[PDB]
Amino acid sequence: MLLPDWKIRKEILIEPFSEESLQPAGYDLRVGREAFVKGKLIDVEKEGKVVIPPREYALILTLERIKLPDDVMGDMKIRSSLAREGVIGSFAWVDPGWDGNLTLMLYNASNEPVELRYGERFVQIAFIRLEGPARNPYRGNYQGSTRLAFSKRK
């Protein structure tokens, strides 16, 4: 059961929260201070921007630290306009009880560099309420992340 815009203000910790980011049933997460492009970490705050080269993917830290209640799933989709620019998001579930800045994979499938300003809206997260609190809210190894978090699989 999806949180409308007005329930998102009341019911999702979004820091820092941006009014222009609030969408009818979701929130435009913004480009944060960290990215990972071509094997290199980017200070997107310093550089002012992340540039996703043609046919490369970036890992982009959300500016927003997102804290989910134990009964809410974060469902993320690329901003339409980045899709229209050839960018594919590869997003995971934002598990109930998640707390942290999100590390987001965007793949520039186009032949043109795709540039995002620091603090630019790029992923709309929507919020699905669970039928009741998750028995085991998120306690995975990315919890509390405030930095670009790479794969811990290996």
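In case it trips you up, residue 1 is the first one in the sequence shown, and so on.
Annotation for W98: C-alpha temperature factor in the middle third relative to the rest of the modelled chain, per the entry. In this PDB entry, the Cα temperature factor of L130 sits in the middle third of its chain's modelled residues. Per the PDB record, residue ranking by Cα B-factor puts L63 in the middle third of the chain. Sort the chain's modelled residues by C-alpha temperature factor and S90 lands in the lowest third, per the entry.
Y118: CA B factor lies in the highest third for its chain, per the PDB record.
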